[PDB]
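S.K.: What follows is a structure written as structure tokens; I'll ask about it next.
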Amino acid sequence: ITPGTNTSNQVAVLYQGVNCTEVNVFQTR
Amino acid sequence: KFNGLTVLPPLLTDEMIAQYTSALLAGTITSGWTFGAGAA
Ligand SMILES: *[C@@H]1O[C@H](CO)[C@@H](O)[C@H](O)[C@H]1NC(C)=O
Ligand SMILES: *[C@@H]1O[C@H](CO)[C@@H](O)[C@H](O)[C@H]1NC(C)=O
């Protein structure tokens, strides 16, 4: 998932609390 | 789980929902109908 143009690029990878170790970086609920 | 099914979280957590029902209660108990129509 991504945000817009001035709000430039920066993406979410949509896990059910499963870790970011599969992929600044911020683990999220 | 192998099947591509997912369950996304709600935007407001149960903690945030309980803070809204708390604000609705505290407005109702201290200020009557007034907080529905203006300042409390
Ligand atoms: C950036 O923000 C301005 C605000 O006026 C908007 O017009 C514009 O469409 C936005 N995006 C880009 C690519 O400039
Ligand atoms: C995965 O994330 C949880 C918190 O969401 C953490 O307790 C756990 O140690 C992490 N495991 C690994 C292998 O990164």
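Chain lettering (A, B, ...) mirrors the order of the structure tokens, residue numbering begins at 1 for each chain separately, and ligand numbering begins at 1 in order of display.
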Could you pull the residues within 10 Å of region 26-28 of chain A, counting only C-alpha atoms, minus those fewer than 5 positions along the same chain, as JSON, numbers by chain?

M.R.: {"A": [12, 13, 14, 15, 16, 17, 18, 19, 20, 21]}

S.K.: Pick out the chain B residues within 9 Å of chain A. Count only C-alpha atoms. Give them as a PyMOL selection string.

M.R.: chain B and resi 6-9

S.K.: How about saving the chosen residues, N, CA and C atoms kept, as a PDB file, in the first residue's frame?

M.R.:
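The result, written out as out.pdb:
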```
ATOM      1  N   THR B   6      -7.250 -12.756   4.466  1.00  0.00           N
ATOM      2  CA  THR B   6      -6.618 -11.841   5.430  1.00  0.00           C
ATOM      3  C   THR B   6      -7.687 -11.179   6.287  1.00  0.00           C
ATOM      4  N   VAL B   7      -7.332 -10.734   7.487  1.00  0.00           N
ATOM      5  CA  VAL B   7      -8.214  -9.960   8.366  1.00  0.00           C
ATOM      6  C   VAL B   7      -7.498  -8.683   8.756  1.00  0.00           C
ATOM      7  N   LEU B   8      -7.966  -7.544   8.255  1.00  0.00           N
ATOM      8  CA  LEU B   8      -7.379  -6.243   8.546  1.00  0.00           C
ATOM      9  C   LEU B   8      -7.882  -5.711   9.900  1.00  0.00           C
ATOM     10  N   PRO B   9      -7.094  -4.923  10.644  1.00  0.00           N
ATOM     11  CA  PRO B   9      -7.544  -4.335  11.895  1.00  0.00           C
ATOM     12  C   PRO B   9      -8.509  -3.159  11.666  1.00  0.00           C
TER      13      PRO B   9
END
```

S.K.: Per DSSP on the backbone, filter chain B down to the residues in helix (DSSP H, G or I) and report them as a list in words.

M.R.: residues 14, 15, 16, 17, 18, 19, 20, 21, 22, 23, 24, 25, 26, 27, 28, 29, 30, 31, 34, 35 and 36 of chain B

S.K.: What's the separation between CA of residue 36 (chain B) and CA of residue 21 (chain B), in Å to one decimal place?

M.R.: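 Distance reported for this atom pair: 14.4 Å.
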
S.K.: Extract, using only C-alpha atoms, all DNA, RNA and protein residues at most 10 Å from residue 30 (chain B), discarding same-chain residues fewer than 5 positions from it, and format them as a PyMOL selection string.

M.R.: chain B and resi 25+35+40
